Amino acid sequence: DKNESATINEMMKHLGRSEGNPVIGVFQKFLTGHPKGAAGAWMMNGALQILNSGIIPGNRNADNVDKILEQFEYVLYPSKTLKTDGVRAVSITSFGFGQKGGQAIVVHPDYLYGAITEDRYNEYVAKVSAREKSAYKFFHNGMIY
Amino acid sequence: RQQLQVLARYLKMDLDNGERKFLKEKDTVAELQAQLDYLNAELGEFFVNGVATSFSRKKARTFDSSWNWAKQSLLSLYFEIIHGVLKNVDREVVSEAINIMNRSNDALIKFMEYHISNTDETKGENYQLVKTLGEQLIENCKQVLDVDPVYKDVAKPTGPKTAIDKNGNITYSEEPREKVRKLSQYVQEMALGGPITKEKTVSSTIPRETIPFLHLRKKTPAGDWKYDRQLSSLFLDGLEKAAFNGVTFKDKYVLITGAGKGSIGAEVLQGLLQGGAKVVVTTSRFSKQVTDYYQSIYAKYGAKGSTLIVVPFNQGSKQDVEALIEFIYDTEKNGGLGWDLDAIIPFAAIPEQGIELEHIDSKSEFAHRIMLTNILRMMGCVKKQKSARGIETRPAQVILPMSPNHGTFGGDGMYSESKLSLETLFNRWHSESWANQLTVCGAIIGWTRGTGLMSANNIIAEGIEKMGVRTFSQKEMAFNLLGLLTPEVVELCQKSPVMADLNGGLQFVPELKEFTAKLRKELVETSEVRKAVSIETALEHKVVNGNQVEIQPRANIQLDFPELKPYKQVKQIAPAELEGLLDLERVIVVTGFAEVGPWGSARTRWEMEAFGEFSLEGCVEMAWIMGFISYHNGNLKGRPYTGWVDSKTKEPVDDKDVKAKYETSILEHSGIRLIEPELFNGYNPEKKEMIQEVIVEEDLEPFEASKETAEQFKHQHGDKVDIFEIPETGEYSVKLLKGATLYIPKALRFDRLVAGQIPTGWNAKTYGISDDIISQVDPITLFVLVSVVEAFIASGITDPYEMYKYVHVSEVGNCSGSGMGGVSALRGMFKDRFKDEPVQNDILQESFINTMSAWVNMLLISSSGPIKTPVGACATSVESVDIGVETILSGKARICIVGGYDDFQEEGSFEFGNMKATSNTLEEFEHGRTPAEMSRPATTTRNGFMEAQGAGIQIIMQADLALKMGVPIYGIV
Amino acid sequence: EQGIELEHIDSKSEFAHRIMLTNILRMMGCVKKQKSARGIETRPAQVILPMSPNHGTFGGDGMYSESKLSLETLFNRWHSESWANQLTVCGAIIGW
Amino acid sequence: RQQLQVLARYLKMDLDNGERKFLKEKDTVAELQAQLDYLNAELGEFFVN
Amino acid sequence: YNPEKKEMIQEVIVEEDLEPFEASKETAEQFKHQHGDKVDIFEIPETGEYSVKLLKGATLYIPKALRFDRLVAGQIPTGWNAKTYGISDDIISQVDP
Amino acid sequence: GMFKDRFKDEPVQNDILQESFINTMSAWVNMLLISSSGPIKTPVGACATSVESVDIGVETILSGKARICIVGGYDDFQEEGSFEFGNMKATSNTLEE
Ligand SMILES: NC(=O)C1=CN([C@@H]2O[C@H](COP(=O)(O)OP(=O)(O)OC[C@H]3O[C@@H](n4cnc5c(N)ncnc54)[C@H](OP(=O)(O)O)[C@@H]3O)[C@@H](O)[C@H]2O)C=CC1
């Protein structure tokens with residue numbers, strides 16, 4: 001936890017993040033524990049859910065944030081869920097035994113649509129809506145049977 | 001028997017020694033039991049069980065990270081205002097802004113300034129409002145950077161209100177008071193007094209010949225305590241200042257007992273923390289719920305420089321009292337706090353109801369101990385700690401909770417005896433030698449609505465007030481008490497004991513017991529009469545004249561595809577120059593995802609993560625996952641039925657009833673919890689099997705075996721075993737000899753007892769996986785198969801072959817991986833085979849990290865695309881994403897399955913414990929932690945990770961293909 | 001109880017408190033129960049309470065003053081409870 | 001000793017029964033003594049006696 | 001490892017009490033925890049060790065040997081040693097071959 | 001070590017678990033020789049591991065994430081794997097040979 005906070009803090013410092021604008025930390029493992037290889041995938045799922053809902057879950061087991069982490073000004077450690085008006089990008093980091101460090105950045109899907117024309121977007125929307133209705137039908141049939 | 005006796009005598013072995021010793025021991029047991037029975041007959045069960053210790057130093061919980069909670073509060077306020085939840089600057093908003101000012105520093109100012117300068121006021125009125133309110137808040141916070149935090153209550157005062165409906169229903173409400181809408185106005189009201197209390201600063205307004213509702217008393221030469229105008233003026237001026245400017249408790253160390261939720265002490269504690277105090281708060285019900293309650297109190301009210309220490313405590317135990325004070329005064333190197341107390345607030349008490357003089361028994365004696373004897377012991381312990389260190393100039397102010405009614409109501413056991421006995425301290429302060437270490441502040445507490453000691457009387461408070469007397473809310477009484485911690489009253493107490501009358505003129509009502517009983521009977525009678533009359537009128541109507549449909553929710557589980565806006569808004573979000581600038585074959589997007597984990601699927605895990613509890617759809621999904629409920633369509637007990645039935649009893653279950661029926665068991669068998677051996681092939685960390693090699697000292701008794709087995713034994717042992725055919729049957733006798741090696745099972749206690757486990761009852765058959773597969777593959781593979789299928793459902797792809805209508809079979813990849821693969825198959829090969837257990841012949845293939853992906857392709861996908869399986873320990877999933885993105889961008893695939901998975905098994909847990917990577921569960925118990933709090937990232941006390949199990953999968957693909965296929969896009973990688 | 005100041009209050013002072021207050025209340029209660037089990041309502045027992053005029057004024061007496069001051073609740077409990085027909089209260093403030 | 005053991009096994013007599021029962025009783029004695037010690041630490045010798 | 005004599009373990013239920021054998025107190029308690037009432041452990045007053053006596057019905061494991069029919073492999077040349085290449089023995093004792 | 005030697009209470013180093021990971025070999029290579037902070041993608045491809053490794057290294061270099069890569073493969077021979085390969089009848093029976 002110390003290593004990772006320091007790393008994210010230096011990343012932000014070097015890249016000229018605005019002072020007073022810390023990144024909001026999410027620590028999903030408080031609830032699920034540590035799978036040894038599925039961890040990043042669970043985080044990726046959480047990050048997509050965050051992006052599409054705008055809701056940032058709080059670390060409910062963060063009773064007392066360690067004092068040594070106060071030095072990292074670009075990181076915030078919430079203990080309760082926050083309903084924002086929009087999350088535009090999420091960072092995912094993981095550190096594995098054997099010097100396995102990794103990072104991924106996921107961006108809000110709505111930025112994709114700015115790249116296409118209106119007609120293409122509208123045809124996509126129609127196709128997606130039809131597919132979603134079929135998926136619901138299949139899901140509930142498969143669930144009950 | 002005679003031959004055995006002869007041998008025993010020859011060997012000098014007394015065959016009856018053990019029985020003799022046992023009979024002596026049984027006599028000793030009877031003696032000790034008689035002593036214990038006598039003590040239980042003298043003291044009673046309640047007392048004996050109640051003096052059990054609760055306090056231990058390792059269970060203390062510290063809260064001091066106000067530097068972080070302030071930014072959390074700011075953000076919560078900011079987004080609530082942006083969302084219209086808070087439309088007006090009501091008292092709660094003002095209180096929040098006060099708590100933010102109490103934690104203000106330069107970094108917080110930068111935080112607020114950044115977030116306000118970057119608020120776009122053009123996006124509707126809520127944004128302009130947040131910008132204006134933020135600018136005011138910033139200006140206020142800049143003023144108090146170097147100023148001490150203050151306790152300052154801004155709540156609207158409330159009075160009692162009881163109403164009786166037409167049908168005689170009794171309801172009590174705390175309505176705001178019409179004339180008093182601030183605490184300053186409240187202090188003015190108190191200073192005025194009333195007709196019943198009749199015989200520049202607020203104290204100028206105290207009328208001639210009337211007693212204020214709150215006042216101090218001075219002891220006369222004859223030794224009676226009488227109202228003193230000057231001292232009361234001091235007290236009321238202090239209260240006036242507190243109401244207007246607030247009051248700081250910086251550098252004050254305080255111990256408070258009896259401050260649980262719903263008590264006056266809880267309000268006193270929050271006031272103390274608002275003013276910057278260092279507070280130790282005790283509790284007789286130490287639990288996760290109580291520690292979370294205090295954590296939230298600190299996060300809300302803890303000002304800069306304030307600390308809260310929560311300890312378990314039984315004030316009824318003298319060893320607890322002594323250990324608690326010792327802990328407070330011990331140096332930190334010695335495991336204590338290193339504090340010196342400036343105040344003790346011993347408000348702990350237990351209820352005595354219906355205990356009249358003749359019922360006084362064990363419980364009343366124990367309550368007397370708590371509320372008087374051990375309070376004197378706590379004072380004594382503090383006096384000894386202070387004197388052992390030669391501290392003579394830092395006295396601790398003791399705020400004694402005194403009562404104005406001694407024996408006036410009856411039925412309260414020894415409550416009144418305890419309360420009246422506390423009053424001796426006023427004189428003992430002068431007659432003994434502890435006055436330099438302790439001061440005495442007696443608070444005669446008045447009628448306080450809402451406590452465990454007075455709640456049953458809220459309904460007559462209005463009539464009592466009609467008599468011209470004042471009852472108090474707990475917030476008001478806490479404000480009164482905190483008035484006794486101001487510097488002026490503190491100096492006054494150091495001069496001589498002070499007695500504060502916070503009774504609101506109730507002492508002027510004569511025959512109080514009869515008056516309150518009359519009020520209560522009036523109300524009860526009115527209620528009962530009205531109810532009876534209404535019932536009879538209704539029945540008469542129903543006989544003379546003779547003889548709404550409600551709809552229950554049904555769970556409607558949604559897939560939750562991303563919402564798609566109109567092209568106009570979506571065009572507004574990204575730069576106008578982005579159109580046609582990007583090669584959408586080079587943009588990777590996530591079109592579906594899924595997981596199998598300790599909280600079920602990704603839908604239920606997210607509900608638990610974001611909201612802390614399950615909706616109806618989440619509860620039904622968890623019940624179905626865990627096998628509690630199953631669907632039925634047909635005749636059930638003859639009648640047709642379509643819906644959920646209990647899986648075991650087959651009785652119908654309505655969706656609305658799923659929570660009540662199952663939620664408690666769902667929560668008990670989900671998430672981080674004690675390891676359940678049935679989920680891990682009988683693995684029990686409390687009894688871990690081992691084998692110990694022992695050299696045989698004497699020949700064994702022969703045992704039978706088949707010829708092949710016997711030859712294997714002979715091959716192993718050589719001449720240290722004898723095998724002989726049995727002519728009759730053809731079997732063999734096996735006789736191990738001296739010097740032969742043997743293995744004796746022994747058991748070990750392991751201290752890792754908790755893990756994140758997939759919910760009990762989870763079964764791949766529920767998802768539709770046949771049992772030939774289930775018996776073939778390692779369990780991790782079942783987690784992956786379910787996750788891949790669900791991920792494709794989240795992508796809207798129900799038949800994976802649909803992929804081949806858009807891409808070639810060489811363009812669908814699988815880049816998912818694992819840290820360890822099929823560890824259960826590894827156990828098979830390395831242990832089960834070593835013990836000659838039945839192990840499937842192809843077990844080895846089922847252990848490979850890449851076999852999970854092989855089965856995914858062999859059962860669902862049928863692609864001939866890239867297959868790159870990473871192994872990255874705990875970063876496997878991120879490595880998997882990196883590889884899948886590289887594969888798609890290299891043109892080798894247009895769709896990829898990425899993700900990760902791992903299982904939990906005995907050997908890995910033991911080895912993680914040997915490396916000390918995971919949290920020791922016995923140590924966690926020693927600190928009072930339950931399984932649901934052992935995973936606490938980023939906290940002061942974190943000490944090891946919690947092991948879990950499951951799988952997570954995502955589908956990624958080129959954005960161009962995703963658009964063409966019309967699959968949902970959840971994010972861009 | 002001699003030389004027992006506030007910080008010395010221990011086993012002996014707790015036992016003395018039991019004798020001089022708690023078990024006096026228990027003795028009153030026992031008499032009340034015996035009288036009521038036999039329906040005796042017109043023959044009250046006068047309890048002569050040994051009270052003290054100095055509560056905490058001298059110090060060093062353990063819980064003596066607490067016991068003595070606590071006995072004074074009975075003046076009011078006689079009126080607030082249901083044992084007044086079986087017991088009466090006569091408080092004697094004994095002098096030097 | 002070996003002959004005595006053979007006889008004891010033939011007679012089905014457990015030579016260690018008494019010691020087993022005694023060790024259990026000694027555990028019980030320790031439990032009760034711990035309870036009494038706790039009451040004496042909470043109440044003090046003067047009160048208890 | 002010798003493929004001609006491959007070690008295995010066979011579970012056998014004890015038919016008659018074993019001869020007592022000595023063990024340290026912790027080991028004896030582990031045996032008692034495993035076997036419950038099918039073992040008797042008694043402190044030896046003189047030394048503080050314990051006697052362990054397995055009883056009828058207790059489980060035991062008897063080594064047995066198996067002949068495997070894979071006897072040949074491509075092996076790195078006999079005498080190959082990482083020290084010859086310069087790898088220190090702290091590494092050699094730390095890592096897997 | 002973990003599955004058998006520990007089960008028999010043999011002396012096994014406390015960090016044995018880290019030494020079993022497929023990616024620990026590459027971790028030691030970096031920790032003793034290379035000291036890079038470049039990509040580390042460890043494939044597991046049974047008998048096609050080395051070819052998968054080449055594919056990944058080429059993709060990594062062509063993606064611009066690295067300009068040099070160590071590729072290749074490795075595996076050991078031990079008793080349990082030999083037995084299991086014989087049970088699957090993948091290897092040649094030596095007695096038959
Ligand atoms: N209510 C009123 O109007 C008046 C109150 N008082 C006095 O003021 C004090 C305040 O209590 P009040 O606010 O009324 O609410 P309560 O009297 O209900 O509060 C007492 C608290 O003590 C704690 N407690 C109980 N047993 C123990 C124990 N063995 N060890 C440690 N703590 C224990 C409980 O909290 P938890 O279970 O959370 O630990 C409980 O909430 C009392 O002493 C009372 O006699 C005097 C006059 C009037």
Side-chain angles (χ1 to χ4, degrees), chain B residues 46-47 49-55 160 255-270 280-287 289-291 293-294 297 310-321 323-324 344-353 363 365-375 377-378 398-406 408-409 412-423 442-458 461 464 470-478 480-481 500-504 506-507 512, chain D residues 42:
Chain B
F46 200 100
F47 190 105
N49 297 339
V51 292
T53 42
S54 265
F55 174 84
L255 162 66
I256 176 157
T257 68
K261 187 178 171 180
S263 79
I264 299 168
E267 301 285 8
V268 170
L269 166 67
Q270 104 179 34
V280 172
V281 62
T282 65
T283 181
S284 64
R285 307 174 301 95
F286 200 91
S287 64
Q289 175 178 6
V290 168
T291 53
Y293 162 77
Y294 284 115
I297 288 306
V310 182
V311 302
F313 187 58
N314 177 16
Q315 191 158 303
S317 165
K318 88 141 210 169
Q319 299 174 269
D320 265 22
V321 166
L324 171 60
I344 307 158
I345 304 178
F347 281 21
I350 61 171
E352 289 160 292
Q353 279 126 315
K363 184 182 186 179
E365 195 160 19
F366 182 70
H368 194 65
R369 208 192 206 216
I370 286 163
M371 287 143 82
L372 181 279
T373 302
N374 279 357
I375 295 179
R377 284 195 173 97
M378 194 188 300
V398 190
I399 308 278
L400 297 168
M402 292 182 175
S403 158
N405 310 116
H406 296 298
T408 284
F409 288 104
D412 52 346
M414 281 177 75
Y415 177 88
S416 147
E417 282 72 24
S418 303
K419 293 292 163 184
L420 181 53
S421 288
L422 292 170
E423 301 181 3
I444 303 158
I445 296 142
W447 188 296
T448 304
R449 309 181 309 276
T451 59
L453 175 58
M454 286 295 300
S455 54
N457 294 295
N458 289 331
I464 287 168
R470 185 67 150 65
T471 60
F472 302 94
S473 77
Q474 317 190 269
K475 266 195 147 56
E476 273 162 347
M477 188 63 40
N480 297 329
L481 296 167
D501 186 302
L502 312 175
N503 204 29
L506 191 42
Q507 69 271 26
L512 183 59
Chain D
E42 269 300 317

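Side chains included, hydrogens not; waters and symmetry mates left out as well; all remaining heavy atoms used. Proteins get letters first, then strands, A, B, ... in listed order; numbering begins at 1 in each. Counting starts at 1 for both ligands and their atoms, following the listed order.
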Distance filter under 4.0 Å to B/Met454 heavy atoms, resulting ligand 1 atoms
1 (N), 2 (C), 3 (O)
State, without any angle test, whether B/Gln315 and B/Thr257 hold a side-chain donor-acceptor pair at a distance under 3.5 Å.
yes
Which atoms of ligand 1 sit under 4.0 Å from any heavy atom of B/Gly446?
3 (O)
Step-by-step side-chain hydrogen bond (donor to acceptor under 3.5 Å, both in side chains) determination, B/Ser473 to B/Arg449:
CA-CA 5 Å; B/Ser473 77; B/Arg449 309 181 309 276; 4.8 Å; no
Numbering the atoms of ligand 1 from 1, which are under 4.0 Å from a heavy atom of B/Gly260?
38 (O)
Counting only nitrogen or oxygen atoms and a 3.5 angstrom limit, does B/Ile264 reach ligand 1?
yes
B/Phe472 touching ligand 1 at heavy-atom level, < 4.0 angstrom
no
Using a strict cut-off of less than 4.0 Å between a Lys/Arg side-chain nitrogen and an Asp/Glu carboxylate oxygen, indicate whether B/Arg369 and D/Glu42 qualify as a salt bridge.
yes
Looking at every heavy atom in both B/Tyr294 and B/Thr282, which two are closest together, and how far apart are they?
OH-O, 4.2 Å
B/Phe347 N/O to ligand 1 N/O under 3.5 Å:
yes
Contact between B/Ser263 and B/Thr451 at the side-chain level, heavy atoms closer than 4.5 Å - yes or no?
no
Give me the nearest non-hydrogen protein atom to atom 37 (O) of ligand 1 as residue plus atom name, then the distance to 0.1 Å.
B/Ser284 OG, 2.9 Å
Which is closest to atom 40 (C) of ligand 1 by heavy-atom distance: B/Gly452, B/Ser455, B/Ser263, B/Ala349?
B/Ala349
Could you tell me, atom by atom, which parts of ligand 1 come under 4.0 Å of a heavy atom of B/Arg285?
36 (P), 37 (O), 38 (O)
Here the pair of heavy atoms bringing B/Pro401 nearest to B/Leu422 is O-CD1, 3.8 Å
Is it the side chain (CB and beyond), the backbone, both or neither of B/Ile350 that lies under 4.0 Å from ligand 1, heavy atoms counted?
side chain
What protein heavy atom is closest to atom 4 (C) of ligand 1, reported as residue, atom name and distance in Å?
B/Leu453 CD2, 3.4 Å
Consider ligand 1: state whether an atom of it lies below 4.0 angstrom from any non-hydrogen atom of B/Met402.
yes
Using modelled atom types only, decide if a donor and an acceptor are shared between the side chain of B/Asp501 and the backbone of B/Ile444 within a distance under 3.5 Å.
no
B/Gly262 and B/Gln474 have their tightest heavy-atom pair at O-NE2, 3.0 Å
In the protein, what heavy atom is nearest to atom 31 (C) of ligand 1, and what distance, to one decimal place, separates them?
B/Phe313 O, 3.5 Å
Quick one: closest heavy-atom pair of B/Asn458 and B/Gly450, and the distance?
OD1-N, 3.3 Å
I need the nearest protein heavy-atom contact for atom 30 (N) of ligand 1: residue, atom name and distance, please.
B/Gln315 N, 2.8 Å
Residues B/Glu352, B/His368; criterion side-chain hydrogen bond (donor to acceptor under 3.5 Å, both in side chains); working and verdict
CA-CA 10 Å; B/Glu352 289 160 292; B/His368 194 65; over 6 Å; no
Residue, atom name and distance, where the atom is the protein heavy atom closest to atom 7 (C) of ligand 1:
B/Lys419 NZ, 3.6 Å
What do you reckon, does B/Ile370 put a non-hydrogen atom under 4.0 Å from ligand 1?
yes
Single hit among B/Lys419, B/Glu417, B/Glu423 for side chain to side chain donor-acceptor pair (under 3.5 Å) with B/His406
B/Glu423
B/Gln474: heavy atom below 4.0 Å from ligand 1, yes or no?
no
Just by modelled atom types, is the B/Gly446 backbone N or O under 3.5 Å from a matching donor or acceptor in the B/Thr448 side chain?
yes
Under a 4.0 Å heavy-atom limit, does B/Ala348 contact ligand 1 with its side chain, its backbone, both, or neither?
both
Is B/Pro346 in contact with ligand 1, taking contact as a heavy-atom separation below 4.0 Å?
no
4.0 Å heavy-atom contact, B/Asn314 with ligand 1:
yes
Give me the atom names and distance for the closest heavy-atom approach of B/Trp447 to B/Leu506.
CE3-CD2, 3.8 Å
The protein heavy atom nearest to atom 46 (C) of ligand 1 is B/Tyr415 OH, 3.4 Å
Closest approach of any protein heavy atom to atom 1 (N) of ligand 1, naming residue and atom
B/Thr451 OG1, 3.0 Å
Is a side-chain donor or acceptor of B/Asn314 paired with a backbone partner of B/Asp320 at a separation under 3.5 angstrom?
no
Option nearest atom 8 (O) of ligand 1 (shortest heavy-atom distance, choices B/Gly258, B/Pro401, B/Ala52):
B/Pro401
